[PDB]
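What follows is one structure encoded as structure tokens, with my remarks underneath.
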2 protein chains.
Amino acid sequence: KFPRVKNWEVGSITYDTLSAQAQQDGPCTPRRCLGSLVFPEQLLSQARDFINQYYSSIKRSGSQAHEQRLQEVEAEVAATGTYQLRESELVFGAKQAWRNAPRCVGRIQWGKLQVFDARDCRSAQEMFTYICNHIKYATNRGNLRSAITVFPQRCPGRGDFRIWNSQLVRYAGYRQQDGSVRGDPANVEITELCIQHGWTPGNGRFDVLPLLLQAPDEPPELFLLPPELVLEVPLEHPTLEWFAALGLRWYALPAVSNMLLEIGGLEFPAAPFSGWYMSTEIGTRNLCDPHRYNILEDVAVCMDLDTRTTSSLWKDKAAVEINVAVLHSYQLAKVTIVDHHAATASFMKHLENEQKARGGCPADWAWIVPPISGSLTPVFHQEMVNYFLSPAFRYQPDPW
Amino acid sequence: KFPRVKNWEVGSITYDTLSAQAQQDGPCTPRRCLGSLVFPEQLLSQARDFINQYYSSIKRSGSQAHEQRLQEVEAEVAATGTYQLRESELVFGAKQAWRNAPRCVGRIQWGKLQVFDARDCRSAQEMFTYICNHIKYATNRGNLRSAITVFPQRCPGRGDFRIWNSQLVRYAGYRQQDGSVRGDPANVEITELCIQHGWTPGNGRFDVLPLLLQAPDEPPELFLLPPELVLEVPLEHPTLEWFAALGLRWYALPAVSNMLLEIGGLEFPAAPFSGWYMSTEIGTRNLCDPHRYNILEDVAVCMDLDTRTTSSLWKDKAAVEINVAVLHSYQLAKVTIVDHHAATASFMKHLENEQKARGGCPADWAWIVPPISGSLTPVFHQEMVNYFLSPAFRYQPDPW
Ligand code: HEM
Ligand code: HEM
Ligand SMILES: O=[N+]([O-])c1ccc2[nH]ncc2c1
Ligand SMILES: O=[N+]([O-])c1ccc2[nH]ncc2c1
Ligand SMILES: [Zn+2]
């Protein structure tokens with residue numbers, strides 16, 4: 001009854017006993033697999049399970065304190081339809097959410113997460129202050145530290161706190177008259193929203209977007225991150241001298257801000273989190289995706305490669321050097337970064353740790369395997385089981 | 001409801017309506033996805049469906065001929081417990097089996113498959129002759145032609161025709177006394193079986209294995225493939241002059257021979273098929289997999305790369321040149337080969353053709369996306385739906 005999981009490189013076998021405890025249902029059915037696709041009593045049920053997880057984590061399950069807590073949660077929901085998490089439970093829940101994220105390859109670090117409690121936040125201005133403090137702590141002058149800031153939970157009588165931006169730091173995307181885009185094409189919508197809301201735009205390829213912050217039942221407010229808080233890295237190549245002349249750069253801090261944090265049935269629509277970059281996301285996805293900066297052809301031409309035929313593998317060669325540049329540049333500027341080989345190796349260790357700890361680990365193979373050199377990394381040869389566990393980070397509709 | 005399928009590079013959307021016709025069930029459930037895992041009345045229902053597919057294909061569904069055929073099959077099953085396919089149906093069925101294979105990126109050529117009827121095969125010796133003929137026809141001195149040879153179907157009260165080898169052409173794998181393996185580690189088991197049956201083993205890294213052919217209720221017979229029949233390609237690099245000295249080589253013809261062909265409830269345990277190679281399978285998987293030839297480090301050392309740290313991307317760089325070597329060598333030897341960029345590009349066209357033809361296309365994302373430079377290809381950005389349609393090629397247990 002338990003899924004057999006095999007590693008085809010070494011031949012080792014394991015059984016996922018944790019999958020049987022999946023709290024929610026995925027998109028797949030026996031008739032067809034949809035794994036490649038990107039996207040009252042129910043509250044109490046999830047609440048009780050979470051409390052059980054918490055007390056089990058501190059080795060006090062079945063204790064008087066455990067039973068008391070279960071009764072309090074039940075009492076609060078009966079009277080208000082919701083409940084208040086204790087500080088220690090929020091911290092525990094935030095870590096479990098990261099731990100449970102199937103698409104995250106950096107989970108070996110799940111236990112080291114700084115949790116900022118912003119549940120007392122009352123306005124967009126205070127939300128901005130909290131965000132700036134998160135960025136400063138997380139950036140730590142280049143020695144990045146994982147962190148999450150949790151804003152007030154969704155509740156019955158009012159709207160939600162929301163960060164409109166997809167990440168705390170993103171580059172603007174300006175649609176040009178000729179039909180092209182200057183900057184990040186992925187950010188055209190949010191850029192136009194900022195402009196619509198009062199922001200006079202810049203005209204560069206790497207303009208840091210302002211934050212569009214939303215307090216309950218109020219229109220979003222624009223806030224500009226002090227440049228001194230946004231650490232960036234100029235891109236250069238160790239041997240290709242002309243690379244530095246391209247004027248490319250990227251930001252140090254990858255901070256997702258559009259996901260919803262779910263803990264024991266409670267929902268936190270605004271809870272930005274951050275870690276550090278795995279080089280392929282910048283070097284391969286952000287810079288080489290055809291619908292992103294799309295610099296592959298230009299770099300190849302500068303490398304004097306034959307772009308006439310696909311068989312010369314000019315695309316592969318250019319992509320590799322761009323990734324080399326990203327890694328070399330971050331190391332030079334002393335900003336935390338991890339290559340795909342080192343990251344996937346650490347994930348294999350994580351799988352081992354979790355097998356012993358909980359008898360399995362929800363993992364999304366398509367997202368775990370890096371965008372380049374897939375089969376050269378250990379995770380490629382590792383079968384995985386994908387399932388939804390709670391606490392969890394979930395996608396949610398854009399506020400507009 | 002029909003699954004909504006999106007391409008994230010372009011933004012186009014389609015609905016897979018074909019998946020509702022999935023005759024068999026997969027390993028996934030709403031509880032968990034297992035997409036990354038490698039592995040009388042019922043006969044009539046499958047037979048009728050297939051016959052219906054056949055008459056629909058020639059635009060004569062509902063005809064007297066269609067009805068007479070359905071009745072003919074029913075009568076044959078009532079009298080013998082099984083039935084026989086007409087030659088035209090066999091051809092159609094084999095082509096559909098390829099068309100329906102979710103893990104095959106080369107399906108745009110499905111309609112051009114050349115099907116050879118070997119159902120009159122009486123012995124292992126006749127089987128060998130059929131196999132040699134297939135090899136000569138398919139290899140065609142380098143100008144490869146897709147083809148399949150179908151041997152007698154499985155029937156009650158009689159053993160099965162089986163080809164013990166996984167492919168018609170495989171390199172021996174010799175386990176050395178010191179624990180290492182000389183040759184292809186993937187072929188250790190079959191090599192030892194060939195030795196046990198009377199084969200005099202060689203001692204090279206690229207020794208073409210003999211065929212272990214099984215006739216109904218007979219022990220497997222050993223057969224040596226005439227060397228002039230096995231076209232091979234010596235590997236060299238266009239700029240790295242020392243690459244040729246490594247003495248690497250690979251065969252021209254990729255001919256899978258251990259899969260079972262299922263058509264309308266009938267099973268053909270022996271039905272070897274072949275096409276032509278996509279470069280990454282040789283350059284990345286066969287030569288660079290840790291559990292295969294594992295030549296990555298040796299090549300990186302010869303390239304004078306810093307193998308001390310992972311961040312220099314020495315593995316990625318070596319892997320790219322190995323793939324360049326494969327492509328260059330096959331093109332030089334004038335043997336059909338397709339790079340991963342051209343292959344994935346053609347698959348996107350195949351998906352387009354299929355959407356219009358059948359309203360969908362069963363595809364396994366994890367297998368369609370190449371082992372290197374995934375995101376650099378269009379298929380990476382394409383959501384897919386995986387399901388089992390029949391006719392089909394299925395895995396089957398080893399005869400031993
Ligand atoms: C510490 C370093 C970390 C590394 C190297 C890492 C790396 C990654 C990578 C490679 C992905 C896929 C990114 C993409 O394709 O967009 C990812 C996804 C994800 N990560 Fe991690 N991560 C780290 C920290 C964190 C932290 C601190 C959290 C949460 C507290 C987290 C939560 C997630 C989630 C929820 C996803 C899925 C995002 C989605 O579905 O779009 N990660 N991470
Ligand atoms: C014409 C050129 C062809 C190309 C470039 C091609 C390419 C591929 C590739 C890259 C794979 C997956 C990787 C692997 O082999 O392990 C594959 C799998 C497969 N191909 Fe194709 N193929 C071709 C022709 C054919 C033909 C003629 C048939 C059958 C009539 C076929 C049947 C299959 C099947 C059933 C699989 C799944 C194999 C498995 O599960 O291990 N292919 N092919
Ligand atoms: O999702 N994330 O927060 C996240 C964290 C770290 C990362 N490195 N590279 C991509 C990436 C994404
Ligand atoms: O399935 N096949 O016969 C087949 C055909 C062509 C191929 N290229 N690379 C792998 C591969 C497999
Ligand atoms: Zn699935």
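Labels for the structure tokens follow display order: chains A, B, ..., residues from 1 in each chain, ligands from 1.
With only C-alpha atoms and all ligand atoms counted, the chains near ligand 1 contribute these residues within 7 Å: residues 94, 95, 97, 98, 101, 103, 104, 105, 106, 107, 109, 113, 146, 147, 148, 273, 274, 275, 276, 277, 278, 281, 338, 343, 367, 368 and 393 of chain A.
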Would you write out, as JSON lines, a table of all residues in chain A that have an atom no more than 6 Å from an atom of chain B, listing for each the closest atom pair and the distance in Å to one decimal, considering only C-alpha atoms and ordering rows by chain and rising residue number?
```
{"residue": "A:9", "atom": "CA", "partner": "B:291", "partner_atom": "CA", "distance": 5.5}
{"residue": "A:25", "atom": "CA", "partner": "B:30", "partner_atom": "CA", "distance": 4.8}
{"residue": "A:26", "atom": "CA", "partner": "B:30", "partner_atom": "CA", "distance": 4.8}
{"residue": "A:28", "atom": "CA", "partner": "B:30", "partner_atom": "CA", "distance": 5.2}
{"residue": "A:29", "atom": "CA", "partner": "B:29", "partner_atom": "CA", "distance": 4.5}
{"residue": "A:30", "atom": "CA", "partner": "B:26", "partner_atom": "CA", "distance": 4.7}
{"residue": "A:31", "atom": "CA", "partner": "B:25", "partner_atom": "CA", "distance": 5.0}
{"residue": "A:32", "atom": "CA", "partner": "B:387", "partner_atom": "CA", "distance": 4.7}
{"residue": "A:33", "atom": "CA", "partner": "B:386", "partner_atom": "CA", "distance": 5.0}
{"residue": "A:34", "atom": "CA", "partner": "B:385", "partner_atom": "CA", "distance": 5.4}
{"residue": "A:36", "atom": "CA", "partner": "B:383", "partner_atom": "CA", "distance": 5.5}
{"residue": "A:37", "atom": "CA", "partner": "B:383", "partner_atom": "CA", "distance": 5.5}
{"residue": "A:291", "atom": "CA", "partner": "B:9", "partner_atom": "CA", "distance": 5.7}
{"residue": "A:311", "atom": "CA", "partner": "B:339", "partner_atom": "CA", "distance": 5.9}
{"residue": "A:339", "atom": "CA", "partner": "B:311", "partner_atom": "CA", "distance": 5.9}
{"residue": "A:371", "atom": "CA", "partner": "B:375", "partner_atom": "CA", "distance": 5.0}
{"residue": "A:372", "atom": "CA", "partner": "B:373", "partner_atom": "CA", "distance": 4.1}
{"residue": "A:373", "atom": "CA", "partner": "B:372", "partner_atom": "CA", "distance": 4.2}
{"residue": "A:374", "atom": "CA", "partner": "B:371", "partner_atom": "CA", "distance": 5.1}
{"residue": "A:375", "atom": "CA", "partner": "B:371", "partner_atom": "CA", "distance": 5.0}
{"residue": "A:383", "atom": "CA", "partner": "B:36", "partner_atom": "CA", "distance": 5.5}
{"residue": "A:385", "atom": "CA", "partner": "B:34", "partner_atom": "CA", "distance": 5.5}
{"residue": "A:386", "atom": "CA", "partner": "B:33", "partner_atom": "CA", "distance": 5.0}
{"residue": "A:387", "atom": "CA", "partner": "B:32", "partner_atom": "CA", "distance": 4.7}
```
Include N, CA and C atoms and write out the residues we just selected as an mmCIF file, in the first residue's frame.
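For reference, again-v5.cif as written:
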```
data_model
loop_
_atom_site.group_PDB
_atom_site.id
_atom_site.type_symbol
_atom_site.label_atom_id
_atom_site.label_comp_id
_atom_site.auth_asym_id
_atom_site.auth_seq_id
_atom_site.Cartn_x
_atom_site.Cartn_y
_atom_site.Cartn_z
ATOM 1 N N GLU A 9 20.505 5.215 -9.902
ATOM 2 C CA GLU A 9 21.950 5.364 -9.994
ATOM 3 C C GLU A 9 22.637 4.341 -9.088
ATOM 4 N N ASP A 25 -5.902 16.764 -1.608
ATOM 5 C CA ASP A 25 -5.813 16.062 -2.881
ATOM 6 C C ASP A 25 -5.163 16.858 -4.013
ATOM 7 N N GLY A 26 -4.384 16.152 -4.831
ATOM 8 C CA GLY A 26 -3.715 16.760 -5.966
ATOM 9 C C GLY A 26 -4.555 16.680 -7.231
ATOM 10 N N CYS A 28 -3.868 14.717 -10.034
ATOM 11 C CA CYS A 28 -3.814 13.412 -10.692
ATOM 12 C C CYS A 28 -4.918 12.431 -10.308
ATOM 13 N N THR A 29 -5.197 11.513 -11.230
ATOM 14 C CA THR A 29 -6.196 10.459 -11.053
ATOM 15 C C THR A 29 -5.622 9.239 -11.769
ATOM 16 N N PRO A 30 -6.154 8.037 -11.489
ATOM 17 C CA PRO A 30 -5.643 6.834 -12.157
ATOM 18 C C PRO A 30 -5.746 6.931 -13.692
ATOM 19 N N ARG A 31 -6.687 7.734 -14.181
ATOM 20 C CA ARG A 31 -6.903 7.917 -15.619
ATOM 21 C C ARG A 31 -5.837 8.764 -16.321
ATOM 22 N N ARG A 32 -5.318 9.781 -15.636
ATOM 23 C CA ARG A 32 -4.286 10.637 -16.218
ATOM 24 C C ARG A 32 -3.501 11.436 -15.180
ATOM 25 N N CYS A 33 -2.205 11.590 -15.443
ATOM 26 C CA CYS A 33 -1.310 12.332 -14.570
ATOM 27 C C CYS A 33 -1.212 13.773 -15.046
ATOM 28 N N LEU A 34 -1.374 14.704 -14.109
ATOM 29 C CA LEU A 34 -1.287 16.134 -14.400
ATOM 30 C C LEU A 34 -0.149 16.764 -13.589
ATOM 31 N N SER A 36 2.787 17.790 -14.406
ATOM 32 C CA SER A 36 3.536 18.882 -15.032
ATOM 33 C C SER A 36 2.849 20.246 -14.955
ATOM 34 N N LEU A 37 1.573 20.257 -14.571
ATOM 35 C CA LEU A 37 0.823 21.509 -14.477
ATOM 36 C C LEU A 37 1.342 22.403 -13.351
ATOM 37 N N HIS A 291 11.063 34.028 -23.045
ATOM 38 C CA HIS A 291 10.087 34.996 -22.564
ATOM 39 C C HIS A 291 10.579 35.830 -21.381
ATOM 40 N N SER A 311 22.845 21.863 -34.216
ATOM 41 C CA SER A 311 23.770 20.776 -33.893
ATOM 42 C C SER A 311 25.121 21.167 -33.293
ATOM 43 N N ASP A 339 25.351 26.505 -6.506
ATOM 44 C CA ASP A 339 25.205 25.938 -7.844
ATOM 45 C C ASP A 339 24.273 24.732 -7.801
ATOM 46 N N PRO A 371 17.057 23.204 -14.525
ATOM 47 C CA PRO A 371 16.798 23.549 -15.932
ATOM 48 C C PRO A 371 17.906 23.213 -16.932
ATOM 49 N N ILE A 372 19.114 22.976 -16.429
ATOM 50 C CA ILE A 372 20.243 22.574 -17.270
ATOM 51 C C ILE A 372 20.927 21.406 -16.584
ATOM 52 N N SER A 373 21.579 20.560 -17.375
ATOM 53 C CA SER A 373 22.330 19.418 -16.855
ATOM 54 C C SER A 373 21.560 18.509 -15.897
ATOM 55 N N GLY A 374 20.287 18.273 -16.203
ATOM 56 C CA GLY A 374 19.450 17.436 -15.363
ATOM 57 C C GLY A 374 20.045 16.105 -14.944
ATOM 58 N N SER A 375 20.384 15.262 -15.919
ATOM 59 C CA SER A 375 20.931 13.937 -15.634
ATOM 60 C C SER A 375 22.320 13.929 -15.021
ATOM 61 N N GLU A 383 13.622 8.570 -8.073
ATOM 62 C CA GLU A 383 12.167 8.599 -8.210
ATOM 63 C C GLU A 383 11.634 9.379 -7.013
ATOM 64 N N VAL A 385 7.894 11.110 -4.931
ATOM 65 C CA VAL A 385 6.460 11.020 -4.699
ATOM 66 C C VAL A 385 5.988 12.422 -4.355
ATOM 67 N N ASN A 386 5.009 12.919 -5.101
ATOM 68 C CA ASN A 386 4.499 14.265 -4.869
ATOM 69 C C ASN A 386 3.129 14.234 -4.192
ATOM 70 N N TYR A 387 3.007 14.957 -3.080
ATOM 71 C CA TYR A 387 1.760 15.039 -2.324
ATOM 72 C C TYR A 387 1.721 16.309 -1.470
#
```
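The space between atom CA of residue 346 of chain B and atom CA of residue 237 of chain B spans 26.3 Å.
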**Report entry** Shell of 6 Å around residue 267 of chain B, only C-alpha atoms, local chain residues under 6 positions omitted, as a PyMOL selection string
**Finding:** chain B and resi 153-154+261
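When only C-alpha atoms are used to compute distances to residue 118 of chain B, the closest of the residues B:227, B:272, B:11, B:156 turns out to be B:272.
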Query raised in the report: Looking at A:70, A:168, A:183, A:194, which one is nearest to residue 253 of chain A, with distances taken over only C-alpha atoms?
Result: A:168
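Note that the spacing between atom CA of residue 348 of chain B and atom 37 (C, counted along the ligand's line) of ligand 2 amounts to 17.7 Å.
In this model, the gap between atom CA of residue 160 of chain B and atom CA of residue 269 of chain B comes to 6.8 Å.
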Query - Exercise: residue 223 of chain A partners within 9 Å, only C-alpha atoms, chain neighbours under 5 positions left out, as a ChimeraX atom specification - result: /A:125,128,210-213
Limited to C-alpha atoms, could you put the picked residues into a file as a short mmCIF file (atom, residue, chain, number, x, y, z; two decimals), in the first residue's frame?
```cif
data_model
loop_
_atom_site.label_atom_id
_atom_site.label_comp_id
_atom_site.auth_asym_id
_atom_site.auth_seq_id
_atom_site.Cartn_x
_atom_site.Cartn_y
_atom_site.Cartn_z
CA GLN A 125 3.12 51.90 6.13
CA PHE A 128 6.56 48.54 4.58
CA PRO A 210 8.24 49.84 -5.93
CA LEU A 211 6.08 47.80 -3.55
CA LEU A 212 2.31 47.95 -3.92
CA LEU A 213 1.13 47.11 -0.39
#
```
Query raised in the report: When DSSP works through the backbone of this structure, what residues of segment 54-179 of chain B end up as alpha helix (DSSP H), shown as a ChimeraX atom specification?
Result: /B:54-57,64-80,87-100,124-139
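Shortest atom-to-atom contact with residue 77 of chain A among A:297, A:16, A:41, A:236: A:41, counting only C-alpha atoms.
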Name all residues at most 12 Å from residue 57 of chain A (count only C-alpha atoms; drop same-chain ones fewer than 6 positions away) and give them as a compact mmCIF listing (two decimals) with C-alpha atoms, in the first residue's frame.
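Below is the file around.txt, written as the result:
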```
# COMPACT_ATOMS: atom_id res chain seq x y z
CA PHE A 50 -1.68 20.96 13.47
CA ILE A 51 -1.83 21.09 17.29
CA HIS A 66 -1.75 19.19 24.72
CA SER A 88 5.87 29.14 19.28
CA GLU A 89 3.24 27.46 17.09
CA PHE A 92 6.89 25.76 14.17
CA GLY A 93 4.22 26.06 11.49
CA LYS A 95 9.21 25.85 9.31
CA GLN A 96 6.90 22.89 8.55
CA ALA A 357 12.48 11.33 10.38
CA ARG A 358 9.02 10.86 8.80
```
